[PDB]
Asker: 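This is the structure I have questions about; it appears just below.
Indexing begins at 1, ligand by ligand and atom by atom, following the structure's order. Heavy atoms only: backbone and side chains are in, while hydrogens, waters and symmetry mates are out. The chains referred to below are lettered A, B, ... by the order of the sequence lines, with proteins before strands, and numbering in each begins at 1.
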Amino acid sequence: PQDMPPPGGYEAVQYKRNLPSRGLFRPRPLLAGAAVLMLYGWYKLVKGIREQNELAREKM
Amino acid sequence: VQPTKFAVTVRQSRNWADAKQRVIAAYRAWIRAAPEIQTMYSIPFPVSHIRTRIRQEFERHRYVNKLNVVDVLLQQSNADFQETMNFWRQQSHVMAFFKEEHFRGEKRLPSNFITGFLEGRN
Amino acid sequence: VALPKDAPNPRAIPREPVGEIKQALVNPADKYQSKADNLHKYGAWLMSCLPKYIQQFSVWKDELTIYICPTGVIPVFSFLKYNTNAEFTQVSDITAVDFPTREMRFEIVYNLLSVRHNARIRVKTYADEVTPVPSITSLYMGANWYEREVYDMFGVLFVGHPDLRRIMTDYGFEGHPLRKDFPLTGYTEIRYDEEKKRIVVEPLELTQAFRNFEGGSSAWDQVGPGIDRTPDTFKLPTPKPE
Amino acid sequence: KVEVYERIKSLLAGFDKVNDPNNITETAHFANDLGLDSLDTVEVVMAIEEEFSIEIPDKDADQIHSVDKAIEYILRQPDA
Amino acid sequence: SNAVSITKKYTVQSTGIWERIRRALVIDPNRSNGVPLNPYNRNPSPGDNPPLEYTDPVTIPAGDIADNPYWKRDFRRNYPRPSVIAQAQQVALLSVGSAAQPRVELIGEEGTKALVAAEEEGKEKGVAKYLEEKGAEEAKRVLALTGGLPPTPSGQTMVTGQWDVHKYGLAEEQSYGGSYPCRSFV
Amino acid sequence: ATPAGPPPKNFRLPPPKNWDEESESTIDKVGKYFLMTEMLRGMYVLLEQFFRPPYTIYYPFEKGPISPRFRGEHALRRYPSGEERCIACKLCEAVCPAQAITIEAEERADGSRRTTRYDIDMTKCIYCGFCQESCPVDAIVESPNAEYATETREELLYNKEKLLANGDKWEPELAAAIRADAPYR
Amino acid sequence: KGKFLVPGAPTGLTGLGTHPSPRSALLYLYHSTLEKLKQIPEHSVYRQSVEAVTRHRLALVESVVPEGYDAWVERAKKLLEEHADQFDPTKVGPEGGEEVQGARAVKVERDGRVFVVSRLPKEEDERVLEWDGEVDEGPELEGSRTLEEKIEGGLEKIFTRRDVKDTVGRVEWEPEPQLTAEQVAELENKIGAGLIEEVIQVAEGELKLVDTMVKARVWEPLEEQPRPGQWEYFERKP
Ligand SMILES: *P(=O)(O)OCC(C)(C)[C@H](O)C(=O)NCCC(=O)NCCSC(=O)CCCCCCCCCCCCC
Ligand code: SF4
Ligand code: SF4
């Protein structure tokens, strides 16, 4: 015979746009995530510099 | 003019008086441009030698007595002039116009019957 | 390899057998007779509206051709551009054909498109070596390069064209290659010369000459005269008997 | 002026298309007196344009047909 | 949803711990990697397709041995000649009508000469002169041929059964929706 | 622009929306701008490809796929007895779109119709298969070979000796390719 | 809200914006066409064809009336008579005057019907406009000037230009009511030739066409007969 489609017909294939949204790129959790790192970092930086400042007192 | 540097809109000549002005205008632009043509394509000839070629080109068509044919020759002259003054031609194109720079010479036809016959149709 | 669970082998599905295939005989010209009358009527109306310039029209299958004298090029294309029943607002193509047996050897062919009416029209005029044609650049911007191509290949002047120069051939090229009398390989050829240290034009010389098998054309005509398909609304009446 | 004429002789006498030198005058014509055809005249005005380093318009060039006409024309032009 | 299942897309899949890793990290787990499967893709090679299986098909009207004379299916030699109308022919078509619709009776004698009169008149005076002598009524008659209004150019699609324009309309499904400046026309 | 008839339903776009009327919150709008969300998403796509198998094959140790129809280097073929298949019909010389074939022929010493010259200019040939389609005896064929680049252009002017040697070397491929595709020819 | 289309709003076809007063523009164009066709003979089919299409489309444009048109027309007609010097082109020019900061308006006559063309200052941001859009003609010529350069500097404009606030003797032109968006769609559904903006474009082109046809006299005998064999191809003899 000849190259023919299957008797049922080939199943439908994906062609419509599929770029689904994901939570890893929504800005609201990203903004919350960035704020926490900055807040945590400044908490550690206040404690760090205050300690460093006390070390200069002892050294002097 | 408007489309590109030396672009001349195609127009018919109204009469023989109109045509003669264009022909003299075309010759004037050509021999005026001869100094620039030399230095622009680094032609190994003097402007005198180049300007002689311009006159001979205009003299091949000196005997034309038909107005429509003149319009065709005028359009060709403008097209050649534009593609020369714009650096669209290359040195190979302009140099090929000088018949002396072919390695078989410029006298590319036999002088008389017996020279062509002895060499074999030129 | 790791296969997909729901993607079975598409070659492994047996195909239903095929037996006695039957295909009807179709004349492809028959489907255009539905509009044959309308195309003649449109051509006739154009001739009535512009009788000073339209010499004839022809209808082949769904293609309407209009034949005009060179002087009417601007008026005719203005009408085809701006008339409410002719909104051929695009120039699909402009080209030329050479017919040395004709006194006006050059046939100029314009193909137009009307998106509004979903229609096409052909306009033919004629020209010579020394007889120009009006440029339609003032009506169609797209026409600019098409007319340069016609001028480059055929040597036809378009009066009113801005910047009519060569578009395809080399600078300083001599001749118009689409003329029937212009030979296939032309007159000259180039090479690099090691003395001049540059490219040089020289007379053409072929290591193997072109072999033209045109003489093998059939000694018998193979197509025939064809079939007349003029509609009845454009054929003359006939006298009844007695 | 007179300085222009002495420069005018410097090119017309050097021109190889003159019928006979010393035929130049203060009012000689290229065609009638000097035997110059159309294009030889076009070339002479172009040589004068080079000497005074001033471009000459085509209409003005058509007006120039005599040695005096050129001498008058160059004086009117500011550049020289 | 837009996506088809990765389990139906003819590409190498991940397995075991690596499929769970893939479904946990990628942007869309239904997206294939474009690697074709070796047992299914070009298997067998076309050079090992059994030659005896393929059959060169013949349609029985064109390929019968009994009832197909060539001249009945010789559609090349039945090509339509171009139908040409000059200014003389249209004047005749205006003066005496057509074979589908005549203008006068034209019955036998005195009509054959009357018909040829409409031909030589068409040759001598073109369409313009003919109309000018006859006047505005003839002009209305030319438009009366097309039903009063001037005709419209024929369309180039016959999907609806008649030659017409294609009726472009917005598709009920916009692929970009409205978030982008591109509209789907059906 | 639009087709004749009434305007397509809803062809006219609604009027533009002002900044005030945009249906998207400021925090989301400011966040995407400063965080470059869509650029981060595009970068994440590359990492997904970074861990997918590459498509590269290691040529010349591995080769890409070709079909029995593949059009490569020309060859002249024999019968199983060793007689030349070519009978100088000149069908391939006539059909050749590039005029790449030159043939001369007379009667052979035994009176057989055979060629004396069979040249193919491989620098004129467009590799279209028309000669192979026109040959009534399967004499001229294109081999699957494509790896025959040469140092000089003269090496690409094939005469009858070069072509018959090519057929002798490539015959089992030539027969296999003919075997697979002859049903479709 | 969406009752009236917004002038300048994109239609969908790039560079084709929504028309400011589309119904009156069509009336202006159609009437201008019929008047311009009166210089063509009556036996020209070209004239007979354009008339049929235009008078038919004209009838349809008149078939759609903006709400409150009758109320507007009485006052607008009443306004022309009492202030004719304000709108006559022979006095203020075809553009309505040299004042762009102000509103201009000119009465015009076509095909036995009268139209008023109006021009308005472009709505521009106040942060960027200088002197409320008044045209900058450079500075005045100070110093020691000849009379000639003074006249070349438009000194006579001092005696004829009007301050933009100066509206003592003149009146405010009131615009015609507009067709609604519903009315525009149903009208162009009647014409069946695309969007109202495209239909106006076709009317503008058709108006332009008449001048070419008259200058070419396309209704007279064939200009050049086809010489024998001009249109002979390779057709076999039947
Ligand atoms: P004078 O009386 O001597 O002559 C005046 C004219 C020439 C008008 C004749 O008397 C005359 O009647 N001629 C008949 C009509 C005529 O003039 N024909 C038109 C000819 S135009 C023409 O020949 C254009 C050629 C231009 C060629 C220029 C040089 C070639 C290009 C390359 C330049 C060098 C390389 C860069
Ligand atoms: S190769 Fe084949 S087609 Fe060509 S001459 Fe030989 S037999 Fe004829
Ligand atoms: S492959 Fe095509 S071009 Fe090459 S020799 Fe055969 S017919 Fe000629």
Asker: For atom 29 (C) of ligand 1, what is the nearest protein heavy atom, given as residue, atom name and distance?
Answerer: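 Among all protein heavy atoms, the one nearest atom 29 (C) of ligand 1 is B:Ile54 CD1, 3.8 Å.
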
Asker: Within ligand 1, which atoms have a heavy atom of B:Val70 less than 4.0 Å away?
Answerer: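 What qualifies from ligand 1 is 15 (C), 18 (N).
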
Asker: Which class fits the ring pair B:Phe81 and B:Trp30: parallel under 30°, tilted 30 to 60°, perpendicular over 60°?
Answerer: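 Geometry flag for B:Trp30 against B:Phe81: perpendicular rings.
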
Asker: Can you list the ligand 1 atoms lying under 4.0 Å from a non-hydrogen atom of B:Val64?
Answerer: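 Matching atoms, with element in brackets: 14 (C), 15 (C).
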
Asker: Under a 4.0 angstrom heavy-atom cut-off, which atoms of ligand 3 come close to F:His74?
Answerer: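 Those atoms are 1 (S), 4 (Fe), 5 (S), 6 (Fe).
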
Asker: How far is atom 3 (S) of ligand 3 from its nearest protein heavy atom, and which residue and atom name does that atom have?
Answerer: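 Among all protein heavy atoms, the one nearest atom 3 (S) of ligand 3 is F:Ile126 N, 3.2 Å.
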
Asker: Before accepting this row, confirm whether a basic side-chain N of the pair D:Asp62/B:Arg28 lies closer than 4.0 Å to the acidic partner's carboxylate O.
Answerer: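 The answer is yes: the pair qualifies as a salt bridge.
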
Asker: Pull out every atom of ligand 3 sitting under 4.0 Å from any heavy atom of F:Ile101, numbered as shown with elements.
Answerer: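 Going through ligand 3 atom by atom, the ones under 4.0 Å from F:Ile101 are 5 (S).
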
Asker: Please determine whether a side-chain nitrogen of the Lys or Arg among B:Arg104 and C:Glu202 lies less than 4.0 Å from a carboxylate oxygen of the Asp or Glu.
Answerer: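 Salt bridge: no.
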
Asker: Flag this pair as yes if the NZ/CZ of B:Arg53 is under 6.0 angstrom from the six-membered ring centre of B:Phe45 and inside a 45 degree cone about the axis; otherwise no.
Answerer: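 No, a cation-pi geometry is absent between B:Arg53 and B:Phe45.
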
Asker: Heavy atom under 4.0 Å from ligand 1: found in B:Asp80's side chain, backbone, both, or neither?
Answerer: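 Neither; nothing of B:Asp80 gets under 4.0 Å from ligand 1.
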
Asker: What protein heavy atom is closest to atom 16 (C) of ligand 1, reported as residue, atom name and distance in Å?
Answerer: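 Answer for atom 16 (C) of ligand 1: B:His61 O, 3.5 Å.
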
Asker: Quick test: of every protein heavy atom, which one is nearest to atom 2 (Fe) of ligand 3, and how far off is it to 0.1 Å?
Answerer: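 Minimum-distance protein heavy atom for atom 2 (Fe) of ligand 3 reads F:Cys128 SG, 2.2 Å.
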
Asker: Side chains of D:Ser10 and D:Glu51: do they bring a donor and an acceptor to under 3.5 Å?
Answerer: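 No, D:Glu51 and D:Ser10 have no side-chain donor paired with an acceptor closer than 3.5 Å.
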
Asker: Looking only at protein heavy atoms, which one is nearest to atom 27 (C) of ligand 1, and how far off is it?
Answerer: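 Here the nearest protein heavy atom works out to B:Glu57 CB, 3.6 Å.
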
Asker: Which of the numbered atoms in ligand 1 are below 4.0 angstrom from a heavy atom of D:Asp37?
Answerer: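 Near D:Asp37, the atoms of ligand 1 are 3 (O).
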
Asker: Quick check, are the ring centers of F:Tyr158 and F:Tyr118 under 6.0 angstrom apart?
Answerer: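 No; F:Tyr118 has its ring centre 6.0 Å or more from that of F:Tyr158.
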
Asker: Using a 4.0 Å cutoff against the non-hydrogen atoms of F:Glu142, which atoms of ligand 3 qualify?
Answerer: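 Numbered from 1, ligand 3 contributes 1 (S).
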
Asker: Is there a nitrogen or oxygen of D:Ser38 sitting under 3.5 Å from a nitrogen or oxygen of ligand 1?
Answerer: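 By distance alone, the answer is yes.
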
Asker: Applying a strict 4.0 Å limit to heavy atoms, is F:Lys124 in contact with ligand 3?
Answerer: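 No, F:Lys124 has no heavy atom closer than 4.0 Å to ligand 3.
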
Asker: Tell me, please, which residues at least two apart from B:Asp18 pass side chain to side chain contact (heavy atoms under 4.5 Å, CB included).
Answerer: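 Expected list: B:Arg11, B:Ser13, B:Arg14, B:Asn15, B:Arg22.
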
Asker: Tell me the protein heavy atom at minimum distance from atom 21 (S) of ligand 1, and give that distance in Å.
Answerer: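 Ranked first by proximity to atom 21 (S) of ligand 1 is B:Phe58 CE2, 3.7 Å.
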
Asker: I'd like to check which ligand 3 atoms, numbered from 1 as shown, lie under 4.0 Å from a non-hydrogen atom of F:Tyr127.
Answerer: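 Near F:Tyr127, meaning under 4.0 Å from one of its heavy atoms, ligand 3 has 1 (S), 4 (Fe).
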
Asker: Under 3.5 Å between any N/O of B:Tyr63 and any N/O of ligand 1: does that happen in this structure?
Answerer: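 For ligand 1, there is no N or O atom that lies under 3.5 Å from one belonging to B:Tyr63.
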
Asker: Which heavy atom of the protein is the closest neighbour of atom 31 (C) of ligand 1, given with residue, atom name and distance?
Answerer: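 Of every protein heavy atom, B:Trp30 CH2, 3.5 Å lies nearest to atom 31 (C) of ligand 1.
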
Asker: Considering only NZ, NE, NH1 and NH2 on the basic side and carboxylate oxygens on the acidic side, decide whether F:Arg114 and F:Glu83 come within less than 4.0 Å.
Answerer: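 Salt bridge: yes.
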
Asker: Report, as a single number, the protein N, O or S atoms less than 2.8 Å from atom 2 (Fe) of ligand 2.
Answerer: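 Considering protein N, O and S only, atom 2 (Fe) of ligand 2 has 1 within range.
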
Asker: Below 4.0 Å from any atom of ligand 1, is there a heavy atom belonging to B:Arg62?
Answerer: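 It does, in that a heavy atom of B:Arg62 comes within the 4.0 Å cut-off of ligand 1.
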
Asker: To the nearest 0.5 Å, what is the distance between OG1 on B:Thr9 and CG on C:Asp163?
Answerer: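 Those atoms lie 8.5 Å apart.
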
Asker: Parallel, tilted or perpendicular, judged at 30° and 60°: which one describes the rings of B:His93 and C:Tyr171?
Answerer: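 Judged by the thresholds at 30° and 60°, the geometry between B:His93 and C:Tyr171 is perpendicular.
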
Asker: Anything under 30° is parallel, anything over 60° is perpendicular, the rest tilted; go ahead and classify B:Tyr27 against B:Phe58.
Answerer: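 Rings of B:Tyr27 and B:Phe58: perpendicular, over 60°.
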
Asker: Are B:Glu101 and C:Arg198 ion-paired here, with the side-chain N under 4.0 Å from a carboxylate O?
Answerer: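 A salt bridge is present here (some side-chain N lies under 4.0 Å from a carboxylate O).
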
Asker: Can you name the atoms of ligand 1, numbered from 1 with element, that are less than 4.0 Å from a heavy atom of B:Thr84?
Answerer: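 Answer, ordered by atom number: 36 (C).
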
Asker: Select the closest option to atom 34 (C) of ligand 1 among B:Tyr27, B:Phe97, B:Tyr41, judged by heavy-atom distance.
Answerer: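 Ranked by closest heavy atom to atom 34 (C) of ligand 1, first place is B:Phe97.
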
Asker: State whether F:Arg78 and F:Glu171 are salt-bridged, where the test is any N-O pair (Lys NZ or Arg NE/NH1/NH2 against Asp/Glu carboxylate O) under 4.0 Å.
Answerer: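 Between F:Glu171 and F:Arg78 there is no salt bridge, as every charged N stays at least 4.0 Å from the carboxylate O atoms.
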
Asker: Compute the centroid of each ring, for C:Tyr151 and then for C:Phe158, and state whether the two points are separated by less than 6.0 Å.
Answerer: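 Aromatic pair excluded; centres sit 6.0 Å or further apart.
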
Asker: To the nearest 0.1 Å, how far is atom 4 (Fe) of ligand 3 from its closest protein heavy atom, and which atom is that?
Answerer: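 The closest one turns out to be F:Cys125 SG, 2.2 Å.
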
Asker: Could you tell me the residue and atom name of the protein heavy atom closest to atom 17 (O) of ligand 1, and the distance to it rounded to 0.1 Å?
Answerer: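 That would be B:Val23 CG1, 3.2 Å.
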
Asker: Side chains of B:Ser42 and B:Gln91: does their closest heavy-atom pair fall under 4.5 Å?
Answerer: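 Yes - at least one pair of side-chain heavy atoms lies under 4.5 Å apart.
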
Asker: Taking only heavy atoms of F:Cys96, which atoms of ligand 3 are found under 4.0 Å from at least one of them?
Answerer: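 In order of number, 3 (S), 5 (S), 7 (S), 8 (Fe).
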
Asker: Under the 6.0 Å and 45° cation-pi test, does B:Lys99 pair with B:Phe97?
Answerer: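 The answer is yes; both the distance and angle limits are met.
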
Asker: Cationic tip of C:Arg166 within the cone over C:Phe173's six-membered ring, i.e. under 6.0 Å and within 45° of the normal?
Answerer: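 No; the conditions do not both hold, so C:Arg166 does not lie above the ring face of C:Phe173.
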
Asker: For F:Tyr127 and F:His74, take the angle between the two ring planes, folded into 0 to 90°, and tell me which bin it lands in: parallel under 30, tilted 30 to 60, perpendicular over 60.
Answerer: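 Taking F:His74 first and then F:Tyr127, their aromatic rings sit tilted (interplane angle of 30° to 60°).
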
